[PDB]
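Protein chains in written order, with this note's numbering: chain A, 1 to 973; chain B, 1 to 48.
Working notes for the structure below.
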Amino acid sequence: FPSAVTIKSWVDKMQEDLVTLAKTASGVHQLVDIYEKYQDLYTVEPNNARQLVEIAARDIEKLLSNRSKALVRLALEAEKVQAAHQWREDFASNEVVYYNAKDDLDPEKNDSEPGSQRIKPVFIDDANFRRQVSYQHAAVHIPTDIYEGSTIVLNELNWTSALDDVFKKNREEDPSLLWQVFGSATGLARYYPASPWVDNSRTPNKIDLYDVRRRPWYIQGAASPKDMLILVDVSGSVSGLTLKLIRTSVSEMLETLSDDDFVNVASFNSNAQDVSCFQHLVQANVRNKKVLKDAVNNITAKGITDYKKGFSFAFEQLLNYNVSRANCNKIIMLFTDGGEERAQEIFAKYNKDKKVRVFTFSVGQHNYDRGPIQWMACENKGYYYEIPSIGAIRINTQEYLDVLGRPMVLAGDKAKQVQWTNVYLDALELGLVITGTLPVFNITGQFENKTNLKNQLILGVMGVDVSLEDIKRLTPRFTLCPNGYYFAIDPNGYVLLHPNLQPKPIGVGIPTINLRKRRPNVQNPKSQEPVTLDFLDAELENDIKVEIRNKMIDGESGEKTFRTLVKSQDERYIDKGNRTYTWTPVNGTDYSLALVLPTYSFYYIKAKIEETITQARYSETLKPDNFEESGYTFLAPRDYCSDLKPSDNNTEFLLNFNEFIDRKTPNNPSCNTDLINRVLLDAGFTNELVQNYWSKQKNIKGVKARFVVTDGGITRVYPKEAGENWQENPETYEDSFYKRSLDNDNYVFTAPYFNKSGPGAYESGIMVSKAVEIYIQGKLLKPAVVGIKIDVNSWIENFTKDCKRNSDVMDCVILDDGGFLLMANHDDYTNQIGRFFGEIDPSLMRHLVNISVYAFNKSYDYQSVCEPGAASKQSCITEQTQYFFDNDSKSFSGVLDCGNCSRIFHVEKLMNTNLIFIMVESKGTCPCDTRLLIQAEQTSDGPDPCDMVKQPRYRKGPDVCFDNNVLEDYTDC
Amino acid sequence: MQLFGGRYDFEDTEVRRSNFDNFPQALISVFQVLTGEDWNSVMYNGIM
Ligand SMILES: [Ca+2]
């Protein structure tokens with residue numbers, strides 16, 4: 001076994017060769033000098049990371065304020081127009097003319113049902129809507145199993161017909177409004193601009209189950225946060241069909257809870273016990289609701305009934321106050337069948353003062369007494385519902401928000417504040433949106449106090465959408481490096497804006513399906529959940545980010561500079577980088593906005609090209625036909641001007657961009673002149689580099705492709721034969737290697753992918769990158785990244801010239817920070833270049849992690865797609881592992897004793913890069929292998945929420961709470 | 001009412017009206033087995 005000194009000299013010569021090749025062939029220094037030699041085509045501007053957050057916060061506040069002013073108008077007009085409605089009950093001679101969405105578009109139907117008359121709209125096509133909209137009238141959605149023609153439905157379609165003009169004037173007052181919707185308490189939903197519903201009833205094969213009264217925005221704007229305690233009855237008498245209906249009902253009831261509401265599911269049969277692992281009110285987010293549902297589906301029925309025990313347990317759960325609650329509505333939902341004990345004793349002993357409501361559900365077709373249940377219901381300010389079949393569940397397990405809303409109405413004008421929803425996916429396929437709701441009150445005879453019987457309930461809820469592409473336009477991120485960004489936060493932790501919030505639903509657990517119990521034509525339902533992604537679950541979690549989070553949740557301003565691990569774009573690496581979080585509150589609302597800037601990003605470059613001759617000269621360079629003189633050129637698809645749109649076919653986009661910049665003079669009337677000036681200046685610099693330097697040495701020994709990726713989208717790969725071998729993204733802010741090589745202060749090797757279909761091992765090469773770095777006025781800058789693709793063969797032969805090809809005395813590998821194989825010494829390893837080393841030598845890798853050369857961090861990805869297990873794709877949680885260097889010491893000598901044998905190894909880190917040379921006794925010596933050490937997204941289900949509720953994250957609640965008004969009616973049951 | 005009294009606790013939505021739950025409903029369920037009409041289905045619920 002060679003000594004330490006010879007190995008050190010080997011890695012010294014190897015590192016020197018690699019670094020000098022990359023430095024003298026990529027052209028780092030030359031690009032630096034040409035970025036520094038001009039100093040007159042551009043200027044250096046500062047990023048005042050406080051002024052930026054303030055401006056963005058005010059723009060967001062102003063946008064949400066303009067969306068608020070368009071809501072109080074709708075609500076005023078709706079209240080006034082319904083007050084003056086006469087309630088006619090014969091609609092034959094006076095037809096109600098309206099556009100029922102989800103009706104057929106073939107122009108020869110002419111339905112005209114009794115009392116109603118449809119409309120055939122024009123349906124122009126639109127932007128800001130990925131569909132066809134008609135700005136002439138509002139569309140109506142009526143749930144599938146609600147007849148359109150009932151005197152209750154035909155009346156809503158009468159007095160709502162006077163909303164369309166306020167819809168129109170709101171829209172023409174602010175042309176960037178998305179859907180406006182009035183969702184009323186009779187199932188209807190009247191939205192504008194009209195657009196055909198995505199699922200017709202049975203014109204396609206699939207059904208639509210959309211009830212505006214179950215939506216998050218409606219259930220939010222129709223009541224105040226709750227403390228529910230579902231009290232299932234698992235006595236022996238509920239066995240049979242009653243138990244099945246109780247399970248389905250409890251699940252469909254949980255589906256009506258949001259993240260501000262707290263819930264727990266008890267269960268009593270001569271003994272009151274919890275149904276799950278919780279034992280106190282938990283926060284009712286997607287994971288806790290999943291736990292509760294999975295625990296309720298296991299309920300069995302056996303024993304005697306005892307209402308006193310169950311109600312003692314429920315009332316004692318509703319008095320904890322040692323935990324975090326919503327503190328607003330204390331209600332008990334008793335799911336039972338029928339009984340004989342009303343138990344006045346417990347109701348006098350626990351809520352003699354009537355603070356806790358009771359809603360009693362009597363489920364099934366049985367012959368038991370319901371007198372006691374109705375008494376419990378409408379003695380404790382509650383209500384009484386009957387659920388005889390699976391069809392009545394959806395309508396009875398949602399109608400208690402008519403009872404909970406009485407105090408909000410008796411509060412009057414005090415109870416009309418716009419409040420914004422979580423991020424969720426639009427039902428008309430607009431992406432992710434937030435909706436702002438405001439309830440609408442029923443005031444008939446309000447100046448003389450006539451009825452006040454129908455005037456305790458609301459009519460509906462008025463909502464208006466705000467897409468997240470509307471918010472991501474007020475936070476422009478193109479004067480920051482690929483590393484800095486904006487992100488906002490609820491008073492709940494959940495994230496509203498992030499670079500890691502994707503349009504997919506948040507996954508829970510591990511997906512399991514039983515293909516052998518699903519008829520092919522049954523139309524399974526899909527989902528309703530919001531995309532509630534916590535802030536600590538979008539990034540890596542320090543205990544300083546926990547501090548920043550709990551500090552910006554309670555509306556504080558400030559700043560904090562620290563050092564953190566950042567996970568690269570491709571989830572394979574980790575970098576120790578400095579960051580600066582500066583946050584502020586959004587004044588009008590309860591959001592908080594933060595900006596993350598990495599020091600070295602406090603200055604940016606502003607183009608100053610005004611000599612139109614230089615502009616035209618630079619613009620000449622990005623034209624396809626002269627590629628052989630400048631190299632394949634990609635241009636990032638940013639919106640430089642209003643006309644052209646990102647094409648996703650970058651040749652299409654480059655052609656449109658060139659024909660645009662020449663099709664309109666450099667006057668730039670409607671163009672984002674800063675983006676374009678920067679792109680053109682950048683193209684000039686890059687082309688000058690390519691012509692003056694890469695053209696002189698047309699071919700080098702090891703190089704395969706020399707590229708430059710910079711700010712302004714300009715990507716240039718020199719030999720066009722290598723332009724077909726650029727699998728990177730053209731938007732330079734998504735180039736993983738770019739964001740990685742900006743962090744590091746040296747060269748970075750990107751190990752290619754393995755066993756993924758494409759040119760990936762020998763045709764392309766191994767990518768090496770270094771970030772250009774210039775000093776203008778003593779100000780650091782990193783404007784571009786230069787690179788190289790190293791030929792594998794030349795590296796092999798420089799590697800061999802004691803290691804010999806296919807030796808069996810020892811193995812000699814080269815890995816990177818991340819544990820990925822780059823250059824081996826066995827011709828079967830070298831076959832699998834780019835694979836994780838713990839997959840081809842697990843013992844050595846576990847030992848390396850043990851002796852503290854490779855540290856690792858594990859995290860969860862909550863929006864993943866998986867193939868379902870056994871118990872097309874589903875959404876799933878995937879655990880991700882990432883390895884990196886922790887100790888900054890170079891050499892590590894030792895020996896692993898793998899059982900009755902021992903192989904000695906020596907590892908040495910090639911300084912000035914991120915490479916580690918390992919040399920070990922051969923693996924054929926010891927016939928040991930524990931098991932592979934896989935680094936890949938492993939589908940998991942943790943963390944266990946049974947333990948997170950014992951010590952939950954910080955959270956602040958809404959302080960407006962409308963319950964317990966003393967002029968209520970509560971003569972209903 | 002002893003043998004099949006309250007044992008028709010089936011987990012489906014199928015309806016079974018001829019059962020032995022109370023006396024007026026066990027008398028009707030016995031009269032029908034006595035007139036030999038559809039008595040072979042009152043046996044399959046009792047066997048299942
Ligand atoms: Ca017969």
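Ideal Cβ placement from N, Cα and C applies to all residues, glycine included.
Check: For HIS29 of chain A, does the count of other Cβ atoms within 10 angstroms reach 16, so buried, or fall short, so exposed?
Finding: Your numbering for residue 29 of chain A matches position 29 in the first sequence. Exposed: under 16 other Cβ atoms inside 10 Å.
Checklist line | contact_flag[the segment 600-617 of chain A, the segment 674-687 of chain A] where n(CB pairs < 8 Å) is 3 or more | finding: yes
Checklist line | Whole alpha helix (DSSP H) elements within the segment 690-772 of chain A, 4-residue minimum | finding: 720-723 and 736-743
Notebook entry, point to check: Taking 8 Å as the CB-CB cut-off, is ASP38 of chain B touching chain A?
Noted result: What you label residue 38 of chain B is simply residue 38 of the second sequence in a count that begins at 1. No, no contact with chain A.
Checklist line | Residues in the segment 229-254 of chain A having any Cβ partner in chain B nearer than 7 Å | finding: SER239, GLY240, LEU241 and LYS244
Check: Just how far apart, CA to CA, sit residue 1016 of chain A and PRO225 of chain A?
Finding: The displayed coordinates of chain A run from 1 to 973. Any statement about residue 1016 of chain A would go beyond what the structure contains.
Check: At a CB-CB cut-off below 9 Å, which residues of chain A make contact with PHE10 of chain B?
Finding: Stepping through the second sequence from its first residue, residue 10 of chain B is reached at position 10. What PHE10 of chain B touches in chain A: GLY240 and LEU241.
Notebook entry, point to check: Within the present structure, is the beta-carbon of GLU37 of chain B separated from the nearest heavy atom of ligand 1 by less than 7 Å?
Noted result: Sequence index remark: in the second sequence, residue 37 of chain B carries index 37 (1-based). Correct: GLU37 of chain B has its Cβ closer than 7 Å to ligand 1.
Check: Is there a Cβ from chain A that is less than 8 Å from the Cβ of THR13 of chain B?
Finding: Here the question's residue 13 of chain B lines up with position 13 in the second sequence. With 8 Å as the cut-off, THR13 of chain B counts as an interface residue toward chain A.
Next item on the list: Return the chain-ordered list of same chain residues with a C-beta closer than 8 Å to the C-beta of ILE119 of chain A, the five sequence neighbours on each side being excluded.
Entry: Mapped onto the first sequence, residue 119 of chain A falls at position 119. Correct list, in chain order: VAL97, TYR98, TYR99 and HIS137.
Note to self: Does the CB of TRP197 of chain A have a neighbour CB from chain E at under 8 Å?
What the structure shows: Absent here is chain E; the protein component of the structure consists of chains A and B.
Next item on the list: Thinking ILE60 of chain A and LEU430 of chain A are a contact (beta carbons under 8 Å), I'd like their distance in whole angstroms, please.
Entry: In the first sequence, residue 60 of chain A corresponds to position 60, counting from 1. In the first sequence, residue 430 of chain A corresponds to position 430, counting from 1. The Cβ separation is near 19 Å, so there is no contact.
Check: Quick one: complete beta strand (DSSP E) runs, 3+ long, within the segment 476-524 of chain A?
Finding: 485-489 and 495-497
Notebook entry, point to check: According to the neighbour-count rule (16 or more other Cβ atoms, all chains shown, within 10 Å of its Cβ), is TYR321 of chain A buried or exposed?
Noted result: Position 321 of the first sequence, counting from 1, holds the residue named residue 321 of chain A. Looking at its Cβ environment, which holds fewer than 16 other Cβ atoms inside 10 Å, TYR321 of chain A is exposed.
Next item on the list: Following the continuous beta strand (DSSP E) through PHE1 of chain A, name the residue where it begins and the one where it ends.
Entry: Position 1 of the first sequence, counting from 1, holds the residue named residue 1 of chain A. Taken as a continuous stretch (DSSP letters only), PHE1 of chain A belongs to no beta strand (DSSP E), as it is neither H nor E.
Next item on the list: Using a threshold of 8 Å, state whether the C-beta atoms of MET552 of chain A and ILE489 of chain A are closer than that.
Entry: The sequence position of residue 552 of chain A within the first sequence is 552, counting from 1. The sequence position of residue 489 of chain A within the first sequence is 489, counting from 1. Contact flag set, yes.
Checklist line | Buried or exposed by the 16-neighbour rule on C-beta atoms within 10 Å, applied to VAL15 of chain B | finding: By one-based count along the second sequence, residue 15 of chain B stands at place 15. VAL15 of chain B should be labelled exposed.
Margin query: Can you give me the C-alpha to C-alpha distance between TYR762 of chain A and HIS847 of chain A, rounded to a whole angstrom?
Written below: Working through the first sequence from its first residue, we reach residue 762 of chain A at position 762. Working through the first sequence from its first residue, we reach residue 847 of chain A at position 847. Approximately 30 Å between the Cα atoms of the pair.
Notebook entry, point to check: Who are the near neighbours of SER794 of chain A in its chain, counting only those whose CB is closer than 7 Å to its CB and skipping five residues on each side?
Noted result: Within the first sequence, the letter at position 794 stands for residue 794 of chain A. Result list for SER794 of chain A: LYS701 and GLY702, in chain order.
Checklist line | Range covered by the alpha helix (DSSP H) that runs through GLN25 of chain B | finding: Within the second sequence, the letter at position 25 stands for residue 25 of chain B. Note, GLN25 of chain B: alpha helix (DSSP H), 23-34.
Notebook entry, point to check: On the premise that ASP929 of chain A lies in contact with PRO842 of chain A, defined as a C-beta separation below 8 Å, what is that separation, rounded to the nearest angstrom?
Noted result: In the first sequence, residue 842 of chain A corresponds to position 842, counting from 1. In the first sequence, residue 929 of chain A corresponds to position 929, counting from 1. Contact holds; Cβ gap of about 6 Å.
Next item on the list: Using the Cα positions of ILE510 of chain A and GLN283 of chain A, report the straight-line distance between them to the nearest angstrom.
Entry: Within the first sequence, numbered from 1, the residue matching residue 510 of chain A stands at position 510. Within the first sequence, numbered from 1, the residue matching residue 283 of chain A stands at position 283. Cα to Cα, the separation comes out at about 21 Å.
Checklist line | Cβ contact (3+ pairs, closer than 8 Å) linking the segment 827-843 of chain A and the segment 474-484 of chain A | finding: no
Margin query: Here's the rule: buried if 16 or more other CB atoms are within 10 angstroms of the residue's CB, otherwise exposed. What is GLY412 of chain A?
Written below: The count along the first sequence starts at 1 and reaches residue 412 of chain A at position 412. By the 10 Å Cβ count, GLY412 of chain A comes out exposed.
Item checked: Limits of the beta strand (DSSP E) - the one that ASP164 of chain A falls within -> Sequence index remark: in the first sequence, residue 164 of chain A carries index 164 (1-based). Premise fails: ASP164 of chain A lies in the alpha helix (DSSP H), 164-173, not in any beta strand (DSSP E).
Note to self: If you reduce the DSSP assignment to three classes, tell me which class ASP260 of chain A lands in.
What the structure shows: Start at 1 with the first residue of the first sequence, and residue 260 of chain A comes out as number 260. Here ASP260 of chain A sits in coil by DSSP.
Item checked: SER859 of chain A - partner residues in DSSP beta bridges -> As a working mapping, residue 859 of chain A is identified with position 859 in the first sequence. BP columns for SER859 of chain A point to A:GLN880.
Notebook entry, point to check: What first and last residue would you give for the alpha helix (DSSP H) that runs through residue 974 of chain A?
Noted result: Since the first residue of chain A shown is 1 and the last is 973, residue 974 of chain A is not available in this structure.
Margin query: Let's test the definition: count the other Cβ atoms within 10 Å of the Cβ of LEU932 of chain A and tell me whether it reaches 16, buried, or not, exposed.
Written below: On the first sequence, position 932 is the one that residue 932 of chain A refers to. It counts as exposed.
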